[PDB]
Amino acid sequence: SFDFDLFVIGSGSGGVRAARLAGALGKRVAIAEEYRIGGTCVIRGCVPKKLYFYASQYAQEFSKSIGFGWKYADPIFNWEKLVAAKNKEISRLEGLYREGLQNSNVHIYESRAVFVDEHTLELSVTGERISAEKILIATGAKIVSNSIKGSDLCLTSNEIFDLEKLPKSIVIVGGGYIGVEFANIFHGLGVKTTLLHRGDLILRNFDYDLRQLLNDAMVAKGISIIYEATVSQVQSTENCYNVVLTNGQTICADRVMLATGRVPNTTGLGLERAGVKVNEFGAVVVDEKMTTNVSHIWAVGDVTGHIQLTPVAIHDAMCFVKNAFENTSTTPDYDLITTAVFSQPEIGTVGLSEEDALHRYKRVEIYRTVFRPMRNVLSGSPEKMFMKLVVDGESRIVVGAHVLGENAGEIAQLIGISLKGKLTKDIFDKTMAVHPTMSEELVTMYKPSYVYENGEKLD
């Protein structure tokens, strides 16, 4: 006999969903959380990121009000107030997650848990051993080491929200979604911002138009983007951290943030005591039912090595609860996942980039538009809206959709439903426009911008 029917390791997006649901089914469940209930997205990820994103937008929004007849005093921002508001909000959410677990009778152990053997965990804080019939690994991901001389002088996303003061200048190392989001946040709050990227253009693996349009808007508004940049060392000086690149260039900034990737959090977990297989990328290997190679051990979320997104971790958890406790294999579905980047301008994307599409399909029709939204007409703002549909010319199915500009994430989520449905471009065109909107442009692009046949654009 085991102390619990199920022991969940980590109370983040996936773990907290799985544990609450199992407990509601009447199972005896425990969850270990070494930090804060709710996990990465709630405490120090998507939720506070989005709040800071909103905070940083207001200055540019006020400047748009002038064209409509408004005047106002030069705007002043107070970082300490934002930090206090963020902390109130994440504490509220944390409490609500905790309550949800407890309403389902889940016992919360406020400690790291590690495996002792296949059915036994040890709580780091006290040394207590707890046994369980089933164990769910939901430990998320962790920032890569960065071993850069002076790496330990730099901030990560774990520290970035809680600065004592807004910096005068900041260097962001990394041009993936985290780095571009925070570059635009700090720049919007009046910080002199430099972004370093190891390759030739930000947001590798996104459609090229999204990468290029974002890059160009960031540079135009005053963010410095340095490419082919590898940091050699970060050195402390009295007035700033000196970031020294391998090519000799130096950048001195008040703070330096590393945003260089997160990997599955499986080191020091005792997986080798349980016999759980971990691959060369540090991922816990799971099958189509979220099962490890040990039949009573499952894993969900970032730790399993797939795309690191909160909705996907929740999806995994739902699949796990159905499989472990029912005769009904939900299998996870990672096709046609819509993603957003809360850069400024914002990005939304689902399905295939233009380039991936043109190699995949014999005929690809591209419907592309860049336009000035009506609101920017009056305001004199340089902000455009970009929308592109990528179409398989033989089936007429819309196989990719890419959006940059205001609420691009919202827009892409919704287009993503249509793409999940494999709706054809003809159905988009048949849909009556709602006027005046931005979204109506998507249902009135009757003629293609251009077409590829066998990878080659036609003149």
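All residue numbers are counted from 1 along the displayed sequence.
- Coordinates are given for every residue of the deposited sequence from residue 328 through residue 329, so that no gap is recorded there.
- Just going by the entry, 370-378 versus 104-112 on mean CA temperature factor gives the higher value to 370-378.
- Here the stretch with the larger average CA B-factor, out of 7-15 and 438-446, is 438-446.
- The top Cα temperature factor in the record, among 131, 230, 184, 293, falls on 230.
- The residue among 215, 124, 343, 157 whose C-alpha carries the highest B-factor in the deposited model is 124.
- Sort the chain's modelled residues by C-alpha temperature factor and residue 361 lands in the highest third, per the entry.
- When the modelled residues of the chain are ordered by C-alpha B-factor, residue 222 sits in the middle third.
- Sort the chain's modelled residues by C-alpha temperature factor and residue 302 lands in the lowest third, per the entry.
- Placement of the Cα temperature factor of residue 316 within the chain: lowest third of the modelled residues, per the deposited record.
- Sort the modelled residues of the chain by CA B factor and residue 400 lands in the lowest third.
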